[PDB]
Number of protein chains: 2
Amino acid sequence: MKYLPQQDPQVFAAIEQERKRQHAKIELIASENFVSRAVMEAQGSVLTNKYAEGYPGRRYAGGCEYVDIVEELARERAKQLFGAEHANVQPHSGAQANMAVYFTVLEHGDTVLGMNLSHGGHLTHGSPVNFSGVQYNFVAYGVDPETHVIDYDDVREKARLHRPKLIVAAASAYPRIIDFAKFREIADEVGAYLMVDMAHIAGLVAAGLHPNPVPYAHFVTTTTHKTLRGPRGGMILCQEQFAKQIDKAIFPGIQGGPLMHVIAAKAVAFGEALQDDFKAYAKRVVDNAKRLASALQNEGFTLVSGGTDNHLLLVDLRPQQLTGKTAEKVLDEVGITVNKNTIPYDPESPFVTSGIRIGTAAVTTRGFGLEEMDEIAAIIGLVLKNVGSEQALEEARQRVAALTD
Amino acid sequence: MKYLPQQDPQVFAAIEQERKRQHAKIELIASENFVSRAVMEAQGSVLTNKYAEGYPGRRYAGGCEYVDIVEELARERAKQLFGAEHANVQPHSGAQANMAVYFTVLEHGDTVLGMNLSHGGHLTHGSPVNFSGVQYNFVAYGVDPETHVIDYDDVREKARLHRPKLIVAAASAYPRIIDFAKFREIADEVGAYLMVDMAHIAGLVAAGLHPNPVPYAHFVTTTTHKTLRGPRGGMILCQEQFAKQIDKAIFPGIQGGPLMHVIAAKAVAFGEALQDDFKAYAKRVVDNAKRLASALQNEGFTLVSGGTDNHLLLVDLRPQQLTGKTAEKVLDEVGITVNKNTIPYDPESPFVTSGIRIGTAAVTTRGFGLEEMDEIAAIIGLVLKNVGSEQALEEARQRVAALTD
């Protein structure tokens, strides 16, 4: 940076602190990742100056000749990446991506079937304090109490009973592979649309390590900033029959002027995803997640679903008689960043929880491998089995520092 | 740039073309402006890596210690700038800022009174193809057919008849000062909330050249990227009694994770706005708009409202027997960027129009003064009075090139 340190010393100092923090801490938040310097440079471009209401070629303003190219590059790379017939790269977030799809196919008060929020489902999949649960009539399907895998007979029973107009698949904290073929089969029986919110698994789908929902879903929403390793924003994928309706829902439906600088960075992120190195990266993410899961069990931890199939895992902390809140607090003290997360059939509230959510996407971008996964799990064991001991937390603090150079 | 040219030659080339375009063209789109290099550097920071769901201190994730400072800096500077009791700097856009306020005080199907869209009102103020007109029952007030100034007796009559729960004030294409005192007086009579969408006039309010709506409105929404000269995003200002409700409406209401890198740039933009130079800048914007308005009338053009009080003006093209579409097209050929805009009581559709919207905020940032305003208006006269002559458009093309170095 050059102009910011002179202009705003207060803001620059906090950014530099955050920059050093991201390097020092072990970042295990499943939704977080580190973007390349090329992605950031695209977000810090002059493209923020341009109002580009509308779509490439069909704009409601002149001078969009070059930002059209940028958006088309973002749309075509995404179609090439996921095998979609249409893409919309304008959603400001995953929340707005979901919102636009809901705006497309649903009237106010329509019944929608999504995943239970305490079982892995996202806030935008029917939270009573979120727009989705207030605007639409959301019913929930769950996971098996023992295996923690989606009960597909329950998805079928809830669909046949409540008769939803839309079925939503995918989650924020589900460590297993989602059977999209069964979700479409259930949707076809009740005559409902199938939406898949692949936000978390997007990068794994792009690398071919998680089944692609695109051939099975009518709508596929995602964030660009999770396993896809792009800028903070959203995207909608659909077949050409909904293409016009999806575009109208974003603009002039729920949004206004798009973020052309962020869309530029999306294109860069999609470009990086198409390369062979990203496929090797995403496999290491999955390999690291399996290794970390196995190593935590070795330490004596119980895991939700008994392991993982993707990038994230959930630790059932009930055997250790610890809450997610307590675990989150004590690991923050030693330099490990997690988040408290409800486990399926949690006896605790969403603000206390009985579990922690851990992802490997961030540490794998850094260069962490199977060996580092063994050490991370060993530190977690030392911390959580000795919460009252400051000498163990000091030992953990030094071992965290050794991993991060 | 360093890493983007190597990583993505296609995206970098289009950005460089856009960079050169912004320098070459005369940018007269009223909603557009040029951000400082410090604002861009904040948007191209590592802050995009961090999930900061919640608010400073009351986060739903750990490691937010430094991004909290950034957001607090953005919130406190905005409060210092506009004299507000509370600020929310998380809205991804002006559309989402408006959406959150609507989500706060209104149920589905509630009556809301906003400005007529063909008279100056914005898309989010009740368009039947926008979420606002579909979600809520929008009624419109208008301007006087002769003076084009808001008919405040009509605002009062529409409010007393339709009994709205909320009244929205402000516009996308209104060249005069809005009487917020009268809007609150009308709202108090019918027992309705008053929302002011100051998106366009925000920078002029910050410099004290347009009356502050804050003391009069229950809610004040705005974009940060117009006359405020900041990054592309939104903001909500309100009194402390709605503070908790407004925060809940943004998260977990309509959004998810905020854009911390954009919020950083918002803080930088607010910091730049607090300085004395910005007040001198914003006065020049107003001075330039008055000079350009007077000079266009000198050329023989009819203006909506007979001039301007702010940053923008509307040219009534009916005397020249030209549509806004035609004027927009021919000025694009010579290097002047405008947008077609409906004039009050337009006989043409919103896709053809009888007028063009012109703003001075962008050219004033460049260094354009009263002399340059005289020349810009002279070129517009040459172009629009000689649409069929290629020799005049070539003469105009060279005169545009002379203004932009």
Side-chain angles (χ1 to χ4, degrees), chain A residues 1 3-4 7-8 10-11 14-15 17-19 21-22 25 29 31-35 37-38 40-49 51 61-63 66-67 69-70 73 92-95 103 108 123 127 129-131 231-232 252-256 259 261 264 267-268 271 328 332 337 339, chain B residues 1 3-4 7-8 10-11 14-15 17-19 21-22 25 29 31-35 37-38 40-49 51 61-63 66-67 69-70 73 92-95 103 108 123 127 129-131 231-232 252-256 259 261 264 267-268 271 328 332 337 339:
Chain A
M1 291 186 186
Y3 292 90
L4 187 52
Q7 188 88 84
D8 212 312
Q10 285 178 315
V11 172
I15 292 171
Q17 279 174 303
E18 172 64 21
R19 190 182 64 93
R21 190 205 64 86
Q22 287 178 23
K25 309 291 175 181
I29 297 174
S31 57
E32 287 188 18
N33 214 337
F34 303 108
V35 292
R37 278 157 280 183
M40 298 192 291
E41 281 168 44
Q43 280 201 308
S45 62
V46 292
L47 270 59
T48 180
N49 297 147
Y51 247 105
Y66 309 116
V67 300
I69 305 163
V70 165
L73 279 167
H92 299 311
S93 62
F103 194 80
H108 171 86
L123 187 85
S127 179
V129 286
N130 183 246
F131 77 96
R232 199 160 286 271
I254 66 144
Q255 289 183 194
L259 306 166
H261 55 297
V268 179
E328 187 190 53
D332 178 71
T337 321
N339 57 253
Chain B
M1 291 186 186
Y3 292 90
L4 187 52
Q7 188 88 84
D8 212 312
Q10 285 178 315
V11 172
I15 292 171
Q17 279 174 303
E18 172 64 21
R19 190 182 64 93
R21 190 205 64 86
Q22 287 178 23
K25 309 291 175 181
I29 297 174
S31 57
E32 287 188 18
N33 214 337
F34 303 108
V35 292
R37 278 157 280 183
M40 298 192 291
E41 281 168 44
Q43 280 201 308
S45 62
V46 292
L47 270 59
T48 180
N49 297 147
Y51 247 105
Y66 309 116
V67 300
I69 305 163
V70 165
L73 279 167
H92 299 311
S93 62
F103 194 80
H108 171 86
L123 187 85
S127 179
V129 286
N130 183 246
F131 77 96
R232 199 160 286 271
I254 66 144
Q255 289 183 194
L259 306 166
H261 55 297
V268 179
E328 187 190 53
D332 178 71
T337 321
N339 57 253

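Letters A, B, ... are given to chains in the order of the sequence lines, protein chains preceding strands, and every chain is numbered from 1. Just the heavy atoms: all of them, side chains too, but no hydrogens, waters or symmetry mates, feed the values below.
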Exercise. Is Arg21(B) reaching over with its side chain to a backbone N or O of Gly63(A), donor-acceptor style, under 3.5 angstrom?
Worked result: yes
Exercise. Can any side-chain N or O of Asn339(A) pair as donor or acceptor with the backbone N or O of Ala61(B) at less than 3.5 Å?
Worked result: no
Kindly compute the distance separating [atom1] ([X]) from [atom2] ([Y]), expressed to the nearest 0.5 Å.
X        : Y        : atom1 : atom2 : answer
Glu18(B) : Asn49(A) : CD    : CG    : 8.0 Å
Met40(A) : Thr48(B) : CE    : OG1   : 9.0 Å
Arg37(A) : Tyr3(B)  : CZ    : OH    : 3.5 Å

Which bit of [X] comes within less than 4.5 Å of chain A, counting heavy atoms only: side chain, backbone, both or neither?
X         : result
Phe34(B)  : both
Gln10(B)  : both
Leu123(B) : side chain

Of the non-hydrogen atoms in [X] and [Y], which two are nearest, and what is the gap between them?
X         : Y         : result
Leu4(A)   : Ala38(B)  : CD1-O, 3.7 Å
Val70(A)  : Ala14(B)  : CG2-CB, 3.7 Å
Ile254(B) : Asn130(A) : N-ND2, 4.5 Å
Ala264(B) : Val11(A)  : O-CG1, 3.9 Å

With a 4.5 angstrom heavy-atom cut-off, which part of [X] approaches chain B: side chain, backbone, both or neither?
X         : value
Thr337(A) : side chain
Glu41(A)  : both
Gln22(A)  : side chain
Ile29(A)  : side chain
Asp332(A) : side chain

Seminar exercise, completed: Looking only at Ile69(B), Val67(B), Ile15(B), the option with the highest number of non-hydrogen pairs under 4.5 Å against chain A is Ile15(B)
Seminar exercise, completed: Of the listed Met1(B), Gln7(B), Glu32(B), the one with the largest count of heavy-atom pairs under 4.5 Å with chain A is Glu32(B)
Exercise. Parallel under 30°, tilted from 30 to 60°, perpendicular over 60°: which one fits the rings of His108(B) and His108(A)?
Worked result: parallel
Exercise. What's the verdict on side chain to side chain contact (heavy atoms under 4.5 Å, CB included) for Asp8(B) and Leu73(A), showing C-alpha distance, side-chain angles and the deciding distance?
Worked result: CA-CA 11 Å; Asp8(B) 212 312; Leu73(A) 279 167; 5.6 Å; no
Problem set entry | Over-ring placement of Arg232(B) relative to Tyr51(A), 6.0 Å and 45° cut-offs | yes
Problem set entry | When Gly253(A), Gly256(A), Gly62(A) are compared by non-hydrogen pairs under 4.5 Å with chain B, the top option | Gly253(A)
